[PDB]
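Here's a solo chain for you in structure tokens, the form deposited in one PDB entry.
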């Protein structure tokens, strides 16, 4: 898939250029759950550049479709800043925050229009993650009275797609039965074919309690199971603790907890990355046919259009962006197919 990401990118771009942005339905992974369950924190571990805004209260307010591509040098590009190469990750964070404010148009409200960000790095896996605002029940500040439903609708646009894997995130310090994540995952993926349970904040459970029943997949079983994680507290985020230290603490936590130690090797952030990648690879594998057919269809249709061409014969000027983009689309589709088996 890493081999055709280059093409699909040229594809989406040519489509966006003519204002049509195609429904490629490329495999991606979206985090769903209640507000501040720790979703952005789970996704931050796949990048480690601190640009994903985290925090209690409402922070994520727009979907962030983050494409990670393994490359030799590190840089980022936003689809809305075409032509710009970001090398400063602090600037990447500021842009996410400024863009969030610009489109939401409010202090605490949301907007379902996604922020599209691509990050090239020699430290990342090849995949697309979608960070999403957490579900709520009552509005605060300038949020609309139907905020709970706007947020749910926003998530539904992603999770109702067959190609979107679901990271159902639930915090350990709330009974699982209260999980907004599991409720939505069951509704859209009754069979659990694409739901992976993630249990965060295990370090915050009330003394004398534990999530053993949940972690052993017995309370609310999921085919893909549940993986517990322990991410940075607000103190540690403000304190600048890095991922290496947080990962060491998480390992120690699981190795030392009397209720989880027998499960340690299938717990933790590194394990989640391993499993997620495997599930994604598998999904891509069994869903490839559908993608190739989509491409074959778009190609045939485009060929019909292109067949009746002879665009600009005169000198230099006489610009025609539409034709140029149809040609970029045409060529991208063919290269995509030659790679797509």
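Rigid core: the largest C-alpha set superposing within 1.5 Å between the two forms. Positions refer to the first chain, counted from 1.
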Going by the B-factors listed in the PDB entry, is the mean over the C-alpha atoms higher for 89-97 or for 256-264?
-> 89-97
Selected stretch [higher average CA B-factor]: 52-60 or 270-278 | 270-278
When the CA B-factors of 45, 296, 70, 67 are compared as recorded in the entry, which is the largest?
-> 296
Taking the values exactly as deposited, rank residue 154 by C-alpha B-factor within its chain and report the matching third: lowest, middle or highest.
-> middle
On the chain's distribution of Cα B-factors, residue 79 falls within the third called highest
Compared with the other modelled residues in the chain, in which third is the CA B-factor of residue 288?
-> highest
Comparing residue 300 with the other modelled residues of its chain, is its CA B-factor in the lowest, middle or highest third?
-> highest
Hey, what third does residue 29 fall into on Cα B-factor, ranked over its chain?
-> middle
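The discussion below concerns the form deposited in another entry, not included here.
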Fitting the rigid core first, would the Cα of residue 274 be found 2 Å or more away between the shown form and the other one?
-> no
Aligning on the rigid core, do we see the C-alpha of residue 295 shift 2 angstroms or more between the shown form and the other one?
-> yes
